[PDB]
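Okay, structure first, notes after.
We name chains A, B, ... by the order of the sequence lines, and we start the count at 1 in each one.
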Amino acid sequence: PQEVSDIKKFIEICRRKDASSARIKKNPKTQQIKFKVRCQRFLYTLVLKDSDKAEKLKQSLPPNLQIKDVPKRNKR
Amino acid sequence: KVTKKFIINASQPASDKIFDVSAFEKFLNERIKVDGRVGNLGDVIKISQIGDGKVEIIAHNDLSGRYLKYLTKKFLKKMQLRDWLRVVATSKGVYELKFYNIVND
Amino acid sequence: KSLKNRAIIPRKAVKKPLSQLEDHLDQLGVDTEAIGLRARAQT
Amino acid sequence: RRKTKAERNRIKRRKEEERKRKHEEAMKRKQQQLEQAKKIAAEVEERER
Amino acid sequence: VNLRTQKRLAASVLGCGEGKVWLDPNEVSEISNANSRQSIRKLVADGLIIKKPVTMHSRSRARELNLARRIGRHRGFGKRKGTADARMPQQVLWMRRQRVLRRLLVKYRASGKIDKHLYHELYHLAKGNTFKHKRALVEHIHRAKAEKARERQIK
RNA sequence: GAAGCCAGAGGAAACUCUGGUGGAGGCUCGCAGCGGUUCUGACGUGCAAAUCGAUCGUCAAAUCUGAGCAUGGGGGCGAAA
RNA sequence: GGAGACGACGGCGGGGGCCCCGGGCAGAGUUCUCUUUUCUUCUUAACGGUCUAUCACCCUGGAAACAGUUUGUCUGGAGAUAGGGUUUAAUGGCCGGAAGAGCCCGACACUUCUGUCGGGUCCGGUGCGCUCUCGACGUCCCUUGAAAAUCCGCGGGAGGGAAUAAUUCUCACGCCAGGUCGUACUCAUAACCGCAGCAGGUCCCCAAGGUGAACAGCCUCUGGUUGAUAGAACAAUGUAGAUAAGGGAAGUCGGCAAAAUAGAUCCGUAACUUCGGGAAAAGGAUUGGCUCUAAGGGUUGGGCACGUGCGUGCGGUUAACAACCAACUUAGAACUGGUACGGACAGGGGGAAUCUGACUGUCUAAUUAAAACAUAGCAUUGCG
């Protein structure tokens with residue numbers, strides 16, 4: 001697992017051809033949001049503050065790449 | 001000065017006339033100890049009734065809801081209701097009294 | 001109590017008999033028929 | 001001259017404060033790129049083209 | 001009706017010992033009909049199988065005895081069983097005293113209360129067992145500074 | 001509580017004395033382990049073709065121990081019975 | 001050339017885990033009386049990023065009035081102290097993994113099928129503690145404590161190399177593949193050997209709380225058992241455990257056995273001696289509880305003038321002061337119960353001599369553990 005601290009690097013990682021999926025994890029107690037994109041080797045995580053710009057970044061992410069919001073329970 | 005608000009709900013046993021809210025008020029007033037001594041409430045801790053079988057406690061000290069549940073269970077043991085009534089926290093600072101689960105024999 | 005050798009089962013893990021509860025409250029002096037413990041009883 | 005414990009403590013606190021300021025500046029830069037994300041996506045797409 | 005398998009499965013499901021497993025004596029047939037871990041979990045959720053709590057082991061008497069030994073009780077010759085060095089090593093005492101004295105000497109030399117020559121000779125006196133404690137070292141430093149001031153006033 | 005080391009008192013010095021520090025020894029008490037001293041011991045067609053109990057020796061090493069390998073009867077191995 | 005690749009022992013220091021203390025949420029137990037109570041959950045992997053961690057190394061500079069310095073006396077004109085940096089080393093802090101998990105609690109649903117939804121999962125401290133690991137030291141040797149597979153760096157400069165662009169880049173991402181055999185269970189008072197489900201024997205890892213010097217003995221938690229033919233009675237004789245008035249070895253081949261001594265603090269301790277010992281010699285005094293007193297520690301923090309939190313030029317060693325925090329020892333005193341005070345457990349009887357082997361050590365598995373054997377030391381013979 002790798003943490004990406006650059007929005008530009010995260011954009012290129014999401015536009016990479018190996019990006020299978022992406023998911024949104026919202027932690028309201030910490031007031032944070034995590035963008036996690038799954039690639040062949042690494043799972044890349046971007047950590048941002050909970051904000052309308054953070055919600056808007058989903059629009060600037062590629063439309064071809066599937067994005068899902070993480071539910072409250074990891075049901076097996 | 002910080003203020004903590006505690007509710008001891010006994011609406012159902014008060015409606016069943018099983019739990020005496022006034023006696024519980026008197027018991028709390030004579031058993032809640034401040035600085036290790038009973039009968040030392042003053043203005044630090046106030047106990048009142050907000051009605052509908054509920055006891056309202058205002059505390060400016062570091063009074064614990066665990067201590068309030070401890071005194072409630074002591075009162076139930078005195079009134080022989082410890083085997084039949086249960087003190088359950090339902091919110092932040094709210095402890096209600098309810099019957100245990102009942103089977104029909 | 002047998003707390004030297006074993007712990008007491010919690011009261012919430014055993015379902016109380018309605019007959020025993022009614023007997024205890026009737027000895028304490030509470031009108032059980034006026035409050036309807038049978039409706040509160042589960043089956 | 002030989003420095004004392006007070007000087008060593010102030011050196012330690014300045015180093016800790018400098019690390020905190022660098023981390024704060026990094027978070028601010030990430031935030032500013034977050035508002036400027038759309039232009040960044042346009043630049044990335046243009047570079048790919 | 002034999003419930004050894006059910007007790008073992010219940011222990012494995014609840015993550016406890018088999019002595020902490022309680023099976024309902026009044027619903028033995030339904031417990032015996034459970035042959036799978038899913039059925040055991042279903043009975044645990046139904047409350048027919050519960051995990052018994054741990055047996056009491058309180059530390060209250062140990063804590064009261066610790067408070068008594070802190071305020072000084074039970075320290076008499078009838079209570080002592082080991083030798084004095086076995087109870088408290090003279091090596092550990094000497095280590096503590098030497099570290100205290102060297103720490104104080106370093107602090108004084110840094111702050112400028114003493115110079116390096118006085119520091120060196122006091123260091124070797126501390127290694128040579130001249131001072132019993134920090135108070136003794138402080139008094140010796142004060143007396144040495146007073147003698148140096150008297151010599152400077154005379155000169 | 002051995003060398004080594006620190007401080008103080010002497011002594012021209014070499015040395016002497018005192019208070020510490022240090023932690024050596026096929027040293028010592030002793031738990032485990034290894035062994036096997038004694039008991040009118042238990043047991044004596046026994047739990048056992050050598051066991052059980054108490055007591056005893058040793059316990060930082062000439063200590064205890066596994067697996068792999070070597071030595072084979074005119075032999076081997078033997079701190080030698 | 002480095003790695004692989006290396007003894008035993010001693011104390012010291014760092015880190016992980018366990019143990020202990022305090023606060024808070026939730027749950028459970030106690031509640032004649034007392035107990036803001038007692039207990040339970042409160043966790044964070046591999047793999048990575050980032051910031052730091054003893055030794056050591058580098059730069060300035062030149063040290064006696066020698067200085068730095070460890071518990072342990074080593075270091076320095078072959079350059080110390082000081083000041084400033086570079087690095088081996090994480091089981092350290094933060095972040096990603098990762099809360100979505102696991103755990104705890106609650107409210108509904110529930111013939112079954114099946115569950116559904118909420119609330120949390122937090123904040124500190126301490127140590128001659130136990131355990132593992134790491135690091136710097138130190139001691140001992142007529143003992144000096146594996147090899148190979150495999151991996152890397154360097155020396156060297158053969159070749160290969162550009163603007164039709166070249167690239168033979170140990171950088172990042174991307175593509176592909178990873179066969180065979182073992183894997184249950186027991187590891188022992190019933191799964192092995194002893195003819196047996198035999199009180200025997202059989203190599204290791206993890207190791208909680210109290211008392212206590214202590215992985216002693218005794219009690220407890222987790223986890224396990226409650227299995228070893230049963231019932232009744234209480235004669236002799238046994239086996240095992242005890243006690244006994246007065247005398248105290250009168251017993252007996254023979255004090256055989258048993259009793260007595262025993263921990264700790266203090267006083268004190270002879271002959272002999274290879275000067276190391278003997279020695280815990282001998283012989284005495286004391287030990288409970290309670291209320292106090294005293295001593296033994298850590299962290300943080302000094303005034304001006306300017307430039308502007310640092311740089312200077314100064315000025316001072318009463319910080320000998322304040323604030324905060326923390327634990328275990330030692331000594332002293334009063335009071336008080338007593339037939340007992342290491343109240344159980346645990347735990348030397350001591351001395352005067354003689355013979356004998358120097359000692360530590362070894363053997364007769366299954367009747368003899370010894371003046372036997374071995375040992376160091378000493379002497380002789382043979383071999384260039």
Side-chain angles (χ1 to χ4, degrees), chain A residues 1-4 16-18 25 27 34 39-45 47 70-74, chain B residues 32-34 36 62-68 70-71 73-74 77-78 82 88-92, chain C residues 1 3 7-8 10-12, chain D residues 1-3 5-6 9-10 14 17 19, chain E residues 16-19 42 45-46 53-63 65-66 69-89 91-100 102-103 111-114 116-117 119-120 123-130 132-135 138-139 142 145:
Chain A
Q2 288 196 346
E3 183 178 1
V4 184
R16 278 166 42 175
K17 64 90 176 179
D18 62 357
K25 180 68 175 62
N27 299 339
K34 291 182 181 179
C39 288
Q40 175 71 22
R41 182 173 179 185
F42 288 125
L43 170 80
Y44 298 95
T45 302
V47 191
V70 173
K72 291 175 72 175
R73 293 180 181 177
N74 205 323
Chain B
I32 290 184
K33 54 174 50 181
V34 178
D62 306 354
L63 185 69
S64 296
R66 295 195 74 258
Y67 183 37
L68 296 179
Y70 167 77
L71 289 178
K73 289 159 58 181
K74 186 161 187 51
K77 190 62 168 65
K78 280 184 64 66
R82 176 71 172 84
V88 177
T90 51
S91 177
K92 300 289 94 175
Chain C
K1 292 184 302 176
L3 296 171
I8 298 172
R11 285 171 177 91
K12 64 178 178 181
Chain D
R1 193 209 200 261
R2 167 185 277 106
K3 291 190 175 183
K5 198 71 168 63
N9 292 340
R10 292 184 291 113
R14 292 184 292 113
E17 213 176 351
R19 296 189 186 98
Chain E
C16 63
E18 293 179 353
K42 181 266 290 181
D46 286 341
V54 288
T55 317
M56 182 79 255
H57 198 143
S58 186
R59 295 261 317 169
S60 60
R61 286 186 232 92
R63 289 198 278 261
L65 176 60
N66 285 343
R69 289 217 278 255
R70 190 166 309 183
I71 63 171
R73 314 295 174 274
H74 318 292
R75 214 190 58 84
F77 290 126
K79 299 289 94 175
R80 312 177 191 188
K81 293 300 286 291
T83 68
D85 194 65
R87 304 186 87 209
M88 195 61 222
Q91 273 168 10
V92 175
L93 292 175
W94 172 260
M95 209 173 45
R96 287 176 180 177
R97 194 214 305 180
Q98 280 303 309
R99 283 169 178 173
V100 162
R102 288 177 188 178
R103 188 178 309 115
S111 65
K113 300 186 180 62
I114 67 179
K116 65 181 183 180
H117 311 92
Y119 173 87
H120 209 81
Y123 190 101
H124 281 259
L125 287 174
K127 194 183 179 181
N129 200 38
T130 311
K132 291 174 70 175
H133 36 64
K134 172 151 60 166
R135 169 165 46 95
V138 161
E139 290 174 5
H142 289 340
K145 291 176 76 68

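- Nucleotide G26(F) is shown with a syn base, its glycosidic torsion being within 90° of 0.
- Pair assignment for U65(F): none, as no Watson-Crick or G-U wobble contacts are both less than 3.5 Å.
- With a glycosidic angle further than 90° from 0, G22(F) counts as anti.
- Judged by the sign of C1'-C2'-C3'-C4', the sugar at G23(F) is south, the angle being negative.
- For the pair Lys113(E) NZ and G301(G) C1', the computed distance is 11 Å after rounding to whole Å.
- Counting all heavy atoms, side chain and backbone alike, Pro53(E) lies closest to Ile8(C) at CG-O, 3.8 Å.
- Pairing for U58(F) goes to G33(F), judged as Watson-Crick or G-U wobble with the two contacts each under 3.5 Å.
- At the heavy-atom level, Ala45(E) lies nowhere under 4.0 Å from the strands shown.
- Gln98(E) places a side-chain N or O within donor-acceptor distance of the main-chain N or O of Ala126(E), the cut-off being under 3.5 Å.
- For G27(G), the base has a donor-acceptor partner in the side chain of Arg66(B) [N/O atoms by modelled type, under 3.5 angstrom].
- Side chain of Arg11(C), nearest nucleotide from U30(G), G119(G), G13(G): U30(G).
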Please report, to 0.1 Å, the donor-acceptor pairs under 3.5 Å made by any side chain of residues 77-84 of chain E, with sequence neighbours excluded.
unit_1	atom_1	unit_2	atom_2	d
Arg80(E)	NE	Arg75(E)	O	3.1
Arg80(E)	NH2	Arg75(E)	O	3.3
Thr83(E)	OG1	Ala86(E)	N	3.2

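- Between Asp46(E) and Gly36(B), the one whose closest nucleotide on RNA chain G sits nearer the 5' end is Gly36(B).
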What protein N or O atoms touch nucleotides 6-9 of chain F N or O atoms at under 3.5 angstrom, if any, and at what distances?
unit_1	atom_1	unit_2	atom_2	d
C6(F)	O3'	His124(E)	ND1	3.4
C6(F)	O2'	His124(E)	O	3.0
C6(F)	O2'	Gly128(E)	N	3.0
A7(F)	OP1	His124(E)	ND1	3.4

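- The glycosidic torsion of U364(G) lies within 90° of 0, which places this base in the syn conformation.
- A positive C1'-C2'-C3'-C4' angle places the sugar of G349(G) in the north (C3'-endo) family.
- Contact check, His57(E) against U222(G): no side-chain N or O comes under 4.0 Å of OP1 or OP2.
- Within the 4.0 Å cut-off from OP1 or OP2 of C128(G), at least one side-chain nitrogen or oxygen of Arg96(E) is found.
- With both atom-pair distances required to fall under 3.5 Å, no Watson-Crick or G-U wobble pair links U121(G) to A353(G).
- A107(G) shows a glycosidic angle more than 90° from 0 and is accordingly assigned anti.
- Classification of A162(G) as syn follows from a glycosidic angle within 90° of 0.
- In terms of the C1'-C2'-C3'-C4' torsion, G36(F) has a south-puckered sugar. The angle is below zero.
- Using Watson-Crick or G-U wobble geometry with both donor-acceptor distances under 3.5 Å, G4(F) finds its partner in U21(F).
- For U183(G), the sugar pucker falls south, since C1'-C2'-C3'-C4' comes out negative.
- If you check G127(G) against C19(G), you find a Watson-Crick or G-U wobble pair, both contacts below 3.5 Å.
- At a threshold of 4.0 angstrom between heavy atoms, the contacts of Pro53(E) with the nucleic acid are absent.
- With a 3.5 Å ceiling on both atom-pair distances, the Watson-Crick or G-U wobble partner of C12(G) is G135(G).
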Report, one pair per line, the protein and nucleotides 27-31 of chain F atoms (nitrogen or oxygen only) whose separation is under 3.5 Å.
none

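- If you take atom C1' in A326(G) and the same atom in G309(G), they sit 34 Å apart, rounded to whole Å.
- Here the side chains of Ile71(E) and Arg73(E) are in contact, with some heavy-atom distance below 4.5 Å.
- Applying the Watson-Crick and G-U wobble criteria (two distances, each under 3.5 Å), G74(F) pairs with nothing in any strand.
- Remark: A191(G) base-pairs with no nucleotide in the shown strands. Criterion, Watson-Crick or G-U wobble with two distances under 3.5 Å.
- At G29(G), one or more side-chain N or O atoms of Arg82(B) fall inside 4.0 Å of OP1 or OP2 (strictly under the cut-off).
- Looking at heavy-atom distances under 4.0 Å, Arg87(E) makes contact with a base.
- Put simply, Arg102(E) has a side-chain N or O that comes within less than 4.0 Å of OP1 or OP2 on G72(G).
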- Are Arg97(E) and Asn129(E) close enough, and set up right, to give a side-chain hydrogen bond (donor to acceptor under 3.5 Å, both in side chains), and what steps lead you there? CA-CA 10 Å; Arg97(E) 194 214 305 180; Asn129(E) 200 38; 2.4 Å; yes
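- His120(E) comes within 4.0 angstrom of a base, heavy atoms only.
- The partner of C108(G) is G115(G), by the rule that a Watson-Crick or G-U pair needs both atom distances under 3.5 Å.
- With RNA chain G read from its 5' end, the first of the two nearest nucleotides for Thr90(B) and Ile114(E) is the one closest to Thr90(B).
- Residue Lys3(D) places at least one side-chain N or O closer than 4.0 Å to OP1 or OP2 of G84(G).
- In the set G209(G), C173(G), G27(G), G209(G) carries the atom at the smallest distance from any side-chain atom of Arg59(E).
- Separating the CZ atom of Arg73(E) from the P atom of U287(G) is a distance of 18 Å, rounded to the nearest angstrom.
- The base of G23(F) lies close enough to the side chain of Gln91(E) for a donor and an acceptor atom to sit less than 3.5 Å apart.
- The interatomic distance linking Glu3(A) (CD) with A98(G) (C1') rounds to 12 Å, in whole Å.
- OP1 or OP2 of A319(G) has not a single side-chain nitrogen or oxygen of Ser111(E) nearer than 4.0 Å.
- At a cut-off of 3.5 angstrom, the base of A331(G) holds at least one donor-acceptor pair with the side chain of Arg75(E).
- Looking at heavy-atom distances under 4.0 Å, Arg80(E) makes contact with a base.
- A positive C1'-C2'-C3'-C4' torsion places the sugar of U265(G) in the north, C3'-endo-side range.
- Across all strands, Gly76(E) comes closer than 4.0 Å only to sugar-phosphate atoms, never to a base (heavy-atom distances).
- One can find a donor-acceptor pair under 3.5 Å joining the base of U35(G) and the side-chain atoms of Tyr70(B).
- Between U139(G) and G153(G) there is no Watson-Crick or G-U wobble pairing whose two distances both come in under 3.5 Å.
- Neighbouring nucleotides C151(G) and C152(G) have six-membered base rings whose centres lie under 5.5 Å apart with planes under 30° to each other, which meets the stacking criterion.
- Across the interface with RNA chain F, nearest-nucleotide mapping of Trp94(E) and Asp85(E) shows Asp85(E) to be the residue nearer the 5′ end.
- A donor-acceptor contact shorter than 3.5 Å links the side chain of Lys145(E) to the backbone of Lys113(E).
- Checked by distance alone, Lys74(B) brings a side-chain donor or acceptor within 3.5 Å of a matching partner on the base of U35(G).
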